[PDB]
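Student: Got a structure for you, coords-v2.tsv, holding TSV, C-alpha atoms.
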```tsv
chain	number	residue	atom	x	y	z
N	4	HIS	CA	250.93	-29.76	145.71
N	5	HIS	CA	249.82	-27.89	142.64
N	6	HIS	CA	248.57	-24.39	143.19
N	7	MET	CA	252.09	-24.18	144.56
N	8	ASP	CA	253.83	-25.62	141.54
N	9	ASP	CA	251.77	-23.20	139.41
N	10	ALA	CA	252.78	-20.23	141.49
N	11	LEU	CA	256.50	-21.13	141.39
N	12	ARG	CA	256.47	-21.76	137.60
N	13	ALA	CA	254.53	-18.57	136.86
N	14	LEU	CA	257.00	-16.73	139.19
N	15	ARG	CA	259.92	-18.29	137.32
N	16	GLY	CA	258.63	-17.05	133.90
N	17	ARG	CA	258.20	-13.51	135.26
N	18	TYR	CA	261.87	-13.32	136.38
N	19	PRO	CA	263.77	-14.80	133.40
N	20	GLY	CA	267.49	-15.03	133.64
N	21	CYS	CA	267.24	-14.92	137.41
N	22	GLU	CA	268.96	-17.60	139.38
N	23	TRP	CA	267.07	-19.10	142.31
N	24	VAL	CA	268.70	-19.68	145.65
N	25	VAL	CA	266.90	-21.59	148.35
N	26	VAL	CA	267.14	-19.81	151.66
N	27	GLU	CA	264.47	-21.91	153.42
N	28	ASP	CA	262.42	-24.76	151.94
N	29	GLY	CA	259.16	-26.48	153.13
N	30	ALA	CA	255.94	-28.04	151.63
N	31	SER	CA	256.38	-28.51	147.80
N	32	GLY	CA	258.87	-25.69	147.01
N	33	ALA	CA	257.09	-23.64	149.70
N	34	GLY	CA	259.32	-21.07	151.38
N	35	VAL	CA	261.86	-18.35	150.81
N	36	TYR	CA	264.21	-17.68	147.87
N	37	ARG	CA	266.84	-15.20	146.77
N	38	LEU	CA	266.65	-14.53	143.02
N	39	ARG	CA	269.66	-12.98	141.43
N	40	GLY	CA	270.78	-11.93	137.96
N	41	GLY	CA	272.73	-8.97	136.70
N	42	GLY	CA	272.99	-7.30	139.30
N	43	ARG	CA	269.46	-7.05	140.75
N	44	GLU	CA	268.44	-9.33	143.65
N	45	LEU	CA	264.93	-10.13	144.77
N	46	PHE	CA	263.53	-11.93	147.71
N	47	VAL	CA	260.60	-14.34	146.94
N	48	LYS	CA	258.34	-15.86	149.56
N	49	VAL	CA	255.70	-18.43	148.75
N	50	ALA	CA	253.57	-19.75	151.58
N	51	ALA	CA	251.79	-23.04	152.44
N	52	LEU	CA	248.06	-22.32	153.37
N	53	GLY	CA	247.01	-19.49	155.79
N	54	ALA	CA	250.76	-18.88	155.84
N	55	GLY	CA	249.45	-17.44	152.56
N	56	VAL	CA	246.80	-15.11	154.08
N	57	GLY	CA	249.82	-13.95	156.01
N	58	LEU	CA	251.78	-13.01	152.84
N	59	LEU	CA	248.94	-10.89	151.28
N	60	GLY	CA	248.78	-8.98	154.41
N	61	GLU	CA	252.56	-8.62	154.33
N	62	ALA	CA	252.54	-6.74	151.00
N	63	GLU	CA	250.10	-4.18	152.50
N	64	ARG	CA	252.21	-3.88	155.58
N	65	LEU	CA	255.43	-3.48	153.69
N	66	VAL	CA	254.07	-0.65	151.52
N	67	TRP	CA	252.70	1.20	154.48
N	68	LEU	CA	255.93	0.84	156.36
N	69	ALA	CA	257.92	2.35	153.47
N	70	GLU	CA	255.59	5.27	153.32
N	71	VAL	CA	255.91	5.97	157.00
N	72	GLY	CA	259.69	5.86	156.90
N	73	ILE	CA	260.77	2.46	158.34
N	74	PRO	CA	263.46	0.80	156.22
N	75	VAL	CA	261.77	-2.10	154.44
N	76	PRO	CA	262.45	-3.31	150.95
N	77	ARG	CA	260.17	-2.25	148.08
N	78	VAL	CA	257.43	-4.61	146.96
N	79	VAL	CA	257.38	-6.01	143.37
N	80	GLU	CA	254.28	-8.12	143.66
N	81	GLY	CA	252.29	-10.56	145.74
N	82	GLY	CA	249.28	-12.77	145.22
N	83	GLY	CA	247.36	-15.99	145.42
N	84	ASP	CA	244.84	-16.73	148.15
N	85	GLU	CA	244.24	-19.03	151.12
N	86	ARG	CA	246.27	-22.27	150.55
N	87	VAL	CA	249.04	-20.68	148.30
N	88	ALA	CA	250.24	-17.04	147.90
N	89	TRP	CA	253.52	-15.27	147.37
N	90	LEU	CA	255.38	-12.05	147.68
N	91	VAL	CA	258.28	-10.63	145.70
N	92	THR	CA	260.43	-7.76	146.97
N	93	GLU	CA	263.69	-6.13	146.15
N	94	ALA	CA	266.32	-7.91	148.19
N	95	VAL	CA	267.55	-5.98	151.31
N	96	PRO	CA	271.31	-5.56	151.23
N	97	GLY	CA	273.60	-6.35	154.09
N	98	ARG	CA	273.91	-8.99	156.77
N	99	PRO	CA	271.21	-10.18	159.15
N	100	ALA	CA	271.53	-9.55	162.91
N	101	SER	CA	271.24	-13.37	162.94
N	102	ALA	CA	274.67	-13.89	161.31
N	103	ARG	CA	277.82	-14.32	163.41
N	104	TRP	CA	279.05	-10.76	163.52
N	105	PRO	CA	282.62	-9.64	164.27
N	106	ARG	CA	282.86	-9.56	168.04
N	107	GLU	CA	283.75	-5.87	168.06
N	108	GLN	CA	280.47	-5.17	166.28
N	109	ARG	CA	278.06	-7.24	168.40
N	110	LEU	CA	277.21	-4.37	170.79
N	111	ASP	CA	276.63	-2.08	167.86
N	112	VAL	CA	274.09	-4.57	166.31
N	113	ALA	CA	272.38	-4.72	169.67
N	114	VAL	CA	272.14	-0.93	169.70
N	115	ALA	CA	270.98	-0.67	166.09
N	116	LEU	CA	268.30	-3.25	166.95
N	117	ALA	CA	267.11	-1.06	169.80
N	118	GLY	CA	267.16	1.98	167.50
N	119	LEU	CA	264.96	0.24	164.99
N	120	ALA	CA	262.61	-0.83	167.85
N	121	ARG	CA	262.45	2.84	168.90
N	122	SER	CA	261.65	4.12	165.47
N	123	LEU	CA	258.91	1.54	164.98
N	124	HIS	CA	257.52	2.38	168.44
N	125	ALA	CA	257.69	6.13	167.72
N	126	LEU	CA	255.03	5.83	165.08
N	127	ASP	CA	251.65	7.01	166.29
N	128	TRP	CA	249.63	3.73	166.37
N	129	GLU	CA	246.46	5.63	165.56
N	130	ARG	CA	247.87	6.12	162.07
N	131	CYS	CA	248.52	2.42	161.70
N	132	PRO	CA	245.97	0.44	159.79
N	133	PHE	CA	246.94	-2.93	161.13
N	134	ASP	CA	245.83	-4.41	164.40
N	135	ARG	CA	247.84	-7.15	166.15
N	136	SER	CA	246.56	-6.50	169.69
N	137	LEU	CA	245.48	-9.10	172.29
N	138	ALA	CA	241.88	-8.94	170.86
N	139	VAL	CA	243.39	-10.50	167.72
N	140	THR	CA	246.28	-12.49	168.94
N	141	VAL	CA	244.65	-14.37	171.83
N	142	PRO	CA	241.87	-15.78	169.65
N	143	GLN	CA	244.57	-16.74	167.08
N	144	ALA	CA	246.31	-18.69	169.92
N	145	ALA	CA	243.07	-20.55	170.78
N	146	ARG	CA	242.47	-21.40	167.06
N	147	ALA	CA	246.08	-22.68	166.63
N	148	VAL	CA	245.71	-24.91	169.68
N	149	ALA	CA	242.38	-26.22	168.47
N	150	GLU	CA	243.98	-26.75	165.05
N	151	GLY	CA	246.92	-28.62	166.50
N	152	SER	CA	249.05	-26.10	164.56
N	153	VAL	CA	250.93	-25.36	167.81
N	154	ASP	CA	254.43	-26.88	167.82
N	155	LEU	CA	254.33	-28.49	171.24
N	156	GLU	CA	257.55	-30.45	170.64
N	157	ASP	CA	259.64	-27.16	170.54
N	158	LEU	CA	258.38	-24.96	173.40
N	159	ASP	CA	260.77	-23.29	175.85
N	160	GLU	CA	262.28	-25.38	178.71
N	161	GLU	CA	259.84	-24.16	181.34
N	162	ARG	CA	257.07	-26.00	179.39
N	163	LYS	CA	258.47	-29.09	177.68
N	164	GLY	CA	255.60	-31.60	177.37
N	165	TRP	CA	252.71	-29.09	177.94
N	166	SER	CA	249.57	-29.71	175.99
N	167	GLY	CA	248.27	-27.06	173.67
N	168	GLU	CA	245.25	-26.79	175.99
N	169	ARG	CA	247.52	-26.25	179.05
N	170	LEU	CA	249.50	-23.64	177.04
N	171	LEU	CA	246.36	-21.76	176.25
N	172	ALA	CA	245.24	-22.03	179.96
N	173	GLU	CA	248.57	-20.34	180.91
N	174	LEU	CA	248.10	-17.63	178.27
N	175	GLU	CA	244.49	-16.77	179.35
N	176	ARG	CA	245.62	-16.83	183.00
N	177	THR	CA	248.56	-14.49	182.62
N	178	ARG	CA	247.17	-12.07	180.01
N	179	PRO	CA	248.20	-8.53	180.87
N	180	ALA	CA	245.82	-6.00	182.46
N	181	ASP	CA	246.75	-3.27	179.91
N	182	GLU	CA	248.39	-3.00	176.43
N	183	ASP	CA	250.88	-0.17	176.18
N	184	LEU	CA	250.25	0.24	172.42
N	185	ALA	CA	252.83	0.99	169.77
N	186	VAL	CA	253.30	-0.05	166.13
N	187	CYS	CA	254.98	-3.43	166.47
N	188	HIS	CA	256.75	-5.72	164.02
N	189	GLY	CA	255.59	-8.77	165.99
N	190	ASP	CA	258.36	-11.16	165.09
N	191	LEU	CA	261.33	-8.91	165.88
N	192	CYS	CA	264.10	-11.38	165.96
N	193	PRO	CA	267.61	-10.73	164.67
N	194	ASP	CA	266.71	-12.89	161.73
N	195	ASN	CA	264.30	-10.30	160.41
N	196	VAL	CA	266.68	-7.32	160.62
N	197	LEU	CA	269.44	-6.78	158.16
N	198	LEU	CA	272.18	-4.29	158.50
N	199	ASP	CA	275.12	-2.73	156.67
N	200	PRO	CA	278.25	-4.86	157.45
N	201	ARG	CA	280.36	-1.72	157.81
N	202	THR	CA	278.26	0.73	159.78
N	203	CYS	CA	275.64	-1.52	161.45
N	204	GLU	CA	273.00	0.86	160.04
N	205	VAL	CA	269.81	-1.07	159.71
N	206	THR	CA	269.19	-1.56	155.96
N	207	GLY	CA	265.82	-3.36	156.01
N	208	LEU	CA	263.21	-5.16	158.06
N	209	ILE	CA	261.76	-8.35	156.70
N	210	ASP	CA	258.92	-10.75	157.58
N	211	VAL	CA	256.52	-7.87	158.59
N	212	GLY	CA	253.50	-10.08	158.28
N	213	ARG	CA	252.50	-9.39	161.93
N	214	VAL	CA	252.98	-5.68	161.88
N	215	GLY	CA	250.19	-3.95	163.74
N	216	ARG	CA	249.42	-2.27	166.97
N	217	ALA	CA	250.26	-4.21	170.09
N	218	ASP	CA	252.06	-3.79	173.38
N	219	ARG	CA	255.56	-2.72	172.70
N	220	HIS	CA	256.57	-5.68	174.93
N	221	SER	CA	255.52	-7.91	172.05
N	222	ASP	CA	258.68	-6.67	170.27
N	223	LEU	CA	260.89	-6.39	173.36
N	224	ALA	CA	260.13	-9.96	174.43
N	225	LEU	CA	261.32	-11.59	171.28
N	226	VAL	CA	264.30	-9.47	170.60
N	227	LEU	CA	265.48	-10.00	174.23
N	228	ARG	CA	264.83	-13.72	174.13
N	229	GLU	CA	267.16	-13.88	171.10
N	230	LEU	CA	269.77	-11.33	172.37
N	231	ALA	CA	270.19	-13.51	175.56
N	232	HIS	CA	272.03	-16.11	173.43
N	233	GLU	CA	275.80	-16.07	172.92
N	234	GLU	CA	275.87	-18.58	170.06
N	235	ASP	CA	273.37	-18.61	167.15
N	236	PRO	CA	272.66	-15.72	167.66
N	237	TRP	CA	275.90	-14.23	168.85
N	238	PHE	CA	274.82	-11.78	171.44
N	239	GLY	CA	274.54	-12.25	175.21
N	240	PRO	CA	273.98	-10.52	178.52
N	241	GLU	CA	275.92	-7.39	177.60
N	242	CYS	CA	274.17	-6.93	174.29
N	243	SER	CA	270.81	-7.18	176.09
N	244	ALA	CA	271.90	-4.48	178.52
N	245	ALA	CA	273.11	-2.43	175.49
N	246	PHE	CA	269.77	-2.97	173.72
N	247	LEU	CA	268.00	-1.94	176.93
N	248	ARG	CA	270.13	1.22	177.55
N	249	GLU	CA	269.52	2.37	173.95
N	250	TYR	CA	265.83	1.52	173.93
N	251	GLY	CA	265.46	3.41	177.21
N	252	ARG	CA	266.58	6.71	175.58
N	253	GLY	CA	263.89	6.36	173.77
N	254	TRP	CA	261.19	5.50	176.32
N	255	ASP	CA	261.28	6.48	179.98
N	256	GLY	CA	259.30	3.36	181.13
N	257	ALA	CA	259.56	0.74	182.70
N	258	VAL	CA	260.34	-2.59	181.06
N	259	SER	CA	258.12	-5.31	182.70
N	260	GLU	CA	259.54	-8.80	183.10
N	261	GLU	CA	255.94	-10.17	183.44
N	262	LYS	CA	254.91	-8.68	179.98
N	263	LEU	CA	258.05	-10.14	178.46
N	264	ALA	CA	257.19	-13.51	179.92
N	265	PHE	CA	253.70	-13.15	178.50
N	266	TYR	CA	254.84	-12.19	175.02
N	267	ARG	CA	257.40	-14.97	174.97
N	268	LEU	CA	254.54	-17.38	175.82
N	269	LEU	CA	252.24	-15.90	173.21
N	270	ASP	CA	254.87	-16.49	170.63
N	271	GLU	CA	255.01	-20.20	171.32
N	272	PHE	CA	251.57	-20.39	169.68
N	273	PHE	CA	252.77	-19.12	166.35
```
Hey, can you dump this file as structure tokens for me?
Tutor:
Amino acid sequence: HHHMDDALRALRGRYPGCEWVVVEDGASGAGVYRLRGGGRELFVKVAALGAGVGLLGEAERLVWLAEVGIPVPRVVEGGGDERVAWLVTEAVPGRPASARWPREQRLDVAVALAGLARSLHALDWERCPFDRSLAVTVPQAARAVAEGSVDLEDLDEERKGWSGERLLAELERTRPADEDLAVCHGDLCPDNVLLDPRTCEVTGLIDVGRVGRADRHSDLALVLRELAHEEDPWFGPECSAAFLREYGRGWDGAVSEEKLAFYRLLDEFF
């Protein structure tokens, strides 16, 4: 593209002497980089399209999260518009919950994940400026389908070969009766949580573009879908029990397997 090439070259002039490491590519040079040079490290995200409306919103979310006390790295800048935008932050130290952790630490990561879930869900959602409730997310699911932006070739086994239109039928059919609101991350996967390699303290949350009020099960669903794995990520049934014991401290409910199913299905649309 072009707007993109502009954005990357202006970015590169603003961080001279910084070495660029590709952490995920896509489009032109359109993804995620680690920039490093004595000895500061930044994370740089540049996004292809409305992936870019996403990033402007992420700056706002990140700043608000820092003020309210969730560990998130500090923002350096972000910009652009529909089509191409970007976001620069201080890098978050540590290792992602995603990495293969020493076996004797896996339960601790599980627990730290739950603790971070609990701190996010302890915020009073009426303070939160951002809305990611079913009034927002269900229409986004319909527009993705109608856009053919839904990745139908990598759904979860129970739906291989479903059409977008059949996916959206299932979503509308199963939508929950009620939203038990909390301030949610909205893509709370071990990938987006980094932690200190020694203590398992959470050091930062990343990819907060979907932060907003929503049913807490929107966070539980995705974390538990990932924690169920034993390889890539390196968790499993005991870690999910440990996440659930810790989250329960916590919150006296009431974890609904139907809401999890629903929020796992919602996520297929994004």
Student: So, with all atoms listed in the file as the atoms that count, which of N:28, N:89, N:53, N:160 lies closest to residue 14 of chain N?
Tutor: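 Among N:28, N:89, N:53, N:160, it is N:89 that comes nearest to residue 14 of chain N.
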Student: Which polymer residues have any atom within 9 Å of an atom of segment 195-198 of chain N, counting only C-alpha atoms, with same-chain residues fewer than 4 positions away left out, as a list in words?
Tutor: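 Non-adjacent residues within range: residues 95, 96, 97, 98, 99, 100, 101, 112, 115, 116, 119, 190, 191, 202, 203, 204, 205, 206, 207, 208, 209, 210 and 211 of chain N.
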Student: Take the residues just selected and output them with C-alpha atoms as a tab-separated table (two decimals), in the coordinates of the input.
Tutor:
```
chain	number	residue	atom	x	y	z
N	95	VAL	CA	267.55	-5.98	151.31
N	96	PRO	CA	271.31	-5.56	151.23
N	97	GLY	CA	273.60	-6.35	154.09
N	98	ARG	CA	273.91	-8.99	156.77
N	99	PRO	CA	271.21	-10.18	159.15
N	100	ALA	CA	271.53	-9.55	162.91
N	101	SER	CA	271.24	-13.37	162.94
N	112	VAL	CA	274.09	-4.57	166.31
N	115	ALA	CA	270.98	-0.67	166.09
N	116	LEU	CA	268.30	-3.25	166.95
N	119	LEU	CA	264.96	0.24	164.99
N	190	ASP	CA	258.36	-11.16	165.09
N	191	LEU	CA	261.33	-8.91	165.88
N	202	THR	CA	278.26	0.73	159.78
N	203	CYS	CA	275.64	-1.52	161.45
N	204	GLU	CA	273.00	0.86	160.04
N	205	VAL	CA	269.81	-1.07	159.71
N	206	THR	CA	269.19	-1.56	155.96
N	207	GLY	CA	265.82	-3.36	156.01
N	208	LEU	CA	263.21	-5.16	158.06
N	209	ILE	CA	261.76	-8.35	156.70
N	210	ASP	CA	258.92	-10.75	157.58
N	211	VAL	CA	256.52	-7.87	158.59
```
Student: Of the residues N:77, N:232, N:176, N:220, which is the one nearest to residue 263 of chain N, using only C-alpha atoms?
Tutor: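 Among the listed residues, N:220 lies closest to residue 263 of chain N.
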Student: Can you work out the spacing between atom CA of residue 172 of chain N and atom CA of residue 189 of chain N in Å, to one decimal?
Tutor: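 Distance reported for this atom pair: 21.9 Å.
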Student: Just to confirm, what's the straight-line distance from atom CA of residue 78 of chain N to atom CA of residue 48 of chain N in Å (one decimal)?
Tutor: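 Atom CA of residue 78 of chain N sits 11.6 Å away from atom CA of residue 48 of chain N.
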Student: I'd like the contact shell of residue 225 of chain N - 7 Å cut-off, all atoms listed in the file, skipping same-chain residues fewer than 3 positions apart - returned as number ranges by chain.
Tutor: N: 190-192, 221-222, 228-229, 267
Student: Would you compute the distance between atom CA of residue 185 of chain N and atom CA of residue 129 of chain N? Give it in Å to one decimal.
Tutor: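 About the pair atom CA of residue 185 of chain N and atom CA of residue 129 of chain N: they are 8.9 Å apart.
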Student: Could you check which of N:219, N:62, N:234, N:270 is closest to residue 159 of chain N, using all atoms listed in the file?
Tutor: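 Closest to residue 159 of chain N of all the choices is N:270.
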Student: Between N:30, N:79, N:126, N:114, which one has atoms that come closest to residue 252 of chain N, using only C-alpha atoms?
Tutor: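 So, comparing all the options, the nearest one is N:114.
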Student: Go through N:26, N:171, N:123, N:231 and flag the residue nearest residue 145 of chain N, using all atoms listed in the file for the distances.
Tutor: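 Under the stated criterion, the closest residue is N:171.
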Student: Taking (252.2, 6.8, 168.1) in the file's own coordinates, collect the residues within 12 Å, counting only C-alpha atoms, and hand them back as a tab-separated table (two decimals) with C-alpha atoms, in the frame of the given file.
Tutor:
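Result went into part-v3.tsv, see below:
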```
chain	number	residue	atom	x	y	z
N	71	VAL	CA	255.91	5.97	157.00
N	121	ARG	CA	262.45	2.84	168.90
N	122	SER	CA	261.65	4.12	165.47
N	123	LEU	CA	258.91	1.54	164.98
N	124	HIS	CA	257.52	2.38	168.44
N	125	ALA	CA	257.69	6.13	167.72
N	126	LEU	CA	255.03	5.83	165.08
N	127	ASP	CA	251.65	7.01	166.29
N	128	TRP	CA	249.63	3.73	166.37
N	129	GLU	CA	246.46	5.63	165.56
N	130	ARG	CA	247.87	6.12	162.07
N	131	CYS	CA	248.52	2.42	161.70
N	183	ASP	CA	250.88	-0.17	176.18
N	184	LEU	CA	250.25	0.24	172.42
N	185	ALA	CA	252.83	0.99	169.77
N	186	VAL	CA	253.30	-0.05	166.13
N	187	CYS	CA	254.98	-3.43	166.47
N	215	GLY	CA	250.19	-3.95	163.74
N	216	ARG	CA	249.42	-2.27	166.97
N	217	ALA	CA	250.26	-4.21	170.09
N	218	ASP	CA	252.06	-3.79	173.38
N	219	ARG	CA	255.56	-2.72	172.70
```
Student: Return the single residue from N:120, N:158, N:87, N:174 that is closest to residue 11 of chain N, with distances computed using all atoms listed in the file.
Tutor: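 Using all atoms listed in the file, the shortest distance to residue 11 of chain N belongs to N:87.
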Student: Taking (247.8, -17.5, 146.4) in the coordinates of the supplied file, I want to know which residues reach to within 12 Å of it, counting all atoms listed in the file; could you give the answer as a PyMOL selection string?
Tutor: chain N and resi 5-11+13-14+33+48-60+80-90
Student: Could those residues be written to a file, using C-alpha atoms, as a short mmCIF file (atom, residue, chain, number, x, y, z; two decimals), in the coordinates of the input?
Tutor:
```cif
data_model
loop_
_atom_site.label_atom_id
_atom_site.label_comp_id
_atom_site.auth_asym_id
_atom_site.auth_seq_id
_atom_site.Cartn_x
_atom_site.Cartn_y
_atom_site.Cartn_z
CA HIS N 5 249.82 -27.89 142.64
CA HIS N 6 248.57 -24.39 143.19
CA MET N 7 252.09 -24.18 144.56
CA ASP N 8 253.83 -25.62 141.54
CA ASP N 9 251.77 -23.20 139.41
CA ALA N 10 252.78 -20.23 141.49
CA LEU N 11 256.50 -21.13 141.39
CA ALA N 13 254.53 -18.57 136.86
CA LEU N 14 257.00 -16.73 139.19
CA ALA N 33 257.09 -23.64 149.70
CA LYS N 48 258.34 -15.86 149.56
CA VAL N 49 255.70 -18.43 148.75
CA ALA N 50 253.57 -19.75 151.58
CA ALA N 51 251.79 -23.04 152.44
CA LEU N 52 248.06 -22.32 153.37
CA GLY N 53 247.01 -19.49 155.79
CA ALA N 54 250.76 -18.88 155.84
CA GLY N 55 249.45 -17.44 152.56
CA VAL N 56 246.80 -15.11 154.08
CA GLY N 57 249.82 -13.95 156.01
CA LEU N 58 251.78 -13.01 152.84
CA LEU N 59 248.94 -10.89 151.28
CA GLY N 60 248.78 -8.98 154.41
CA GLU N 80 254.28 -8.12 143.66
CA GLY N 81 252.29 -10.56 145.74
CA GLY N 82 249.28 -12.77 145.22
CA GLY N 83 247.36 -15.99 145.42
CA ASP N 84 244.84 -16.73 148.15
CA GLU N 85 244.24 -19.03 151.12
CA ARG N 86 246.27 -22.27 150.55
CA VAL N 87 249.04 -20.68 148.30
CA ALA N 88 250.24 -17.04 147.90
CA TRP N 89 253.52 -15.27 147.37
CA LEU N 90 255.38 -12.05 147.68
#
```
Student: At a cut-off of 10 Å, using all atoms listed in the file, what residues contact residue 242 of chain N? Leave out same-chain residues fewer than 3 positions from it and give the result as a list in words.
Tutor: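 Using all atoms listed in the file, the neighbours found are residues 109, 110, 111, 112, 113, 114, 227, 230, 231, 232, 233, 237, 238, 239, 245, 246, 247 and 248 of chain N.
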Student: Just need the box for segment 206-222 of chain N, edges along x, y and z, holding every atom the file lists for it with 6 Å tacked onto each side, so centre and edge lengths in Å to one decimal, as JSON.
Tutor:
```
{"center_x": 259.3, "center_y": -6.2, "center_z": 165.4, "size_x": 31.8, "size_y": 21.2, "size_z": 31.0}
```
Student: Could you name the residues that touch residue 157 of chain N at 12 Å or less, counting all atoms listed in the file, but leaving out those on the same chain fewer than 2 positions away, as an mmCIF file with C-alpha atoms, keeping the file's coordinate frame?
Tutor:
```
data_model
loop_
_atom_site.group_PDB
_atom_site.id
_atom_site.type_symbol
_atom_site.label_atom_id
_atom_site.label_comp_id
_atom_site.auth_asym_id
_atom_site.auth_seq_id
_atom_site.Cartn_x
_atom_site.Cartn_y
_atom_site.Cartn_z
ATOM 1 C CA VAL N 153 250.930 -25.360 167.810
ATOM 2 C CA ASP N 154 254.430 -26.880 167.820
ATOM 3 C CA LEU N 155 254.330 -28.490 171.240
ATOM 4 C CA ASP N 159 260.770 -23.290 175.850
ATOM 5 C CA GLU N 160 262.280 -25.380 178.710
ATOM 6 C CA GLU N 161 259.840 -24.160 181.340
ATOM 7 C CA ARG N 162 257.070 -26.000 179.390
ATOM 8 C CA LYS N 163 258.470 -29.090 177.680
ATOM 9 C CA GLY N 164 255.600 -31.600 177.370
ATOM 10 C CA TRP N 165 252.710 -29.090 177.940
ATOM 11 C CA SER N 166 249.570 -29.710 175.990
ATOM 12 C CA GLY N 167 248.270 -27.060 173.670
ATOM 13 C CA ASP N 270 254.870 -16.490 170.630
ATOM 14 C CA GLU N 271 255.010 -20.200 171.320
ATOM 15 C CA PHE N 272 251.570 -20.390 169.680
ATOM 16 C CA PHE N 273 252.770 -19.120 166.350
#
```
Student: Model the absent atoms of segment 48-62 of chain N so that N, CA and C atoms are present, and write the result as a short mmCIF file (atom, residue, chain, number, x, y, z; two decimals), in the coordinates of the input.
Tutor:
```cif
data_model
loop_
_atom_site.label_atom_id
_atom_site.label_comp_id
_atom_site.auth_asym_id
_atom_site.auth_seq_id
_atom_site.Cartn_x
_atom_site.Cartn_y
_atom_site.Cartn_z
N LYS N 48 258.95 -15.06 148.51
CA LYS N 48 258.34 -15.86 149.56
C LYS N 48 257.09 -16.47 148.94
N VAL N 49 256.93 -17.76 149.14
CA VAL N 49 255.70 -18.43 148.75
C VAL N 49 255.27 -19.21 149.99
N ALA N 50 253.99 -19.14 150.33
CA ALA N 50 253.57 -19.75 151.58
C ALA N 50 252.49 -20.85 151.42
N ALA N 51 252.73 -21.92 152.21
CA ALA N 51 251.79 -23.04 152.44
C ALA N 51 250.57 -22.67 153.35
N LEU N 52 249.43 -22.33 152.73
CA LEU N 52 248.06 -22.32 153.37
C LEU N 52 247.51 -20.92 153.89
N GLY N 53 247.33 -20.79 155.19
CA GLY N 53 247.01 -19.49 155.79
C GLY N 53 248.31 -18.76 156.09
N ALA N 54 249.44 -19.48 155.97
CA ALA N 54 250.76 -18.88 155.84
C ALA N 54 250.65 -17.93 154.67
N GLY N 55 249.78 -18.30 153.71
CA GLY N 55 249.45 -17.44 152.56
C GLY N 55 248.51 -16.25 152.77
N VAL N 56 247.57 -16.34 153.71
CA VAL N 56 246.80 -15.11 154.08
C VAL N 56 247.79 -14.10 154.68
N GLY N 57 248.72 -14.67 155.44
CA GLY N 57 249.82 -13.95 156.01
C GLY N 57 250.54 -13.14 154.99
N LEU N 58 251.09 -13.76 153.93
CA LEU N 58 251.78 -13.01 152.84
C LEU N 58 251.01 -11.90 152.14
N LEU N 59 249.72 -12.05 151.86
CA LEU N 59 248.94 -10.89 151.28
C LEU N 59 248.91 -9.68 152.18
N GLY N 60 248.73 -10.01 153.43
CA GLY N 60 248.78 -8.98 154.41
C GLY N 60 250.17 -8.38 154.47
N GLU N 61 251.22 -9.15 154.18
CA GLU N 61 252.56 -8.62 154.33
C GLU N 61 252.87 -7.56 153.30
N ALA N 62 252.44 -7.77 152.06
CA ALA N 62 252.54 -6.74 151.00
C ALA N 62 251.99 -5.39 151.48
#
```
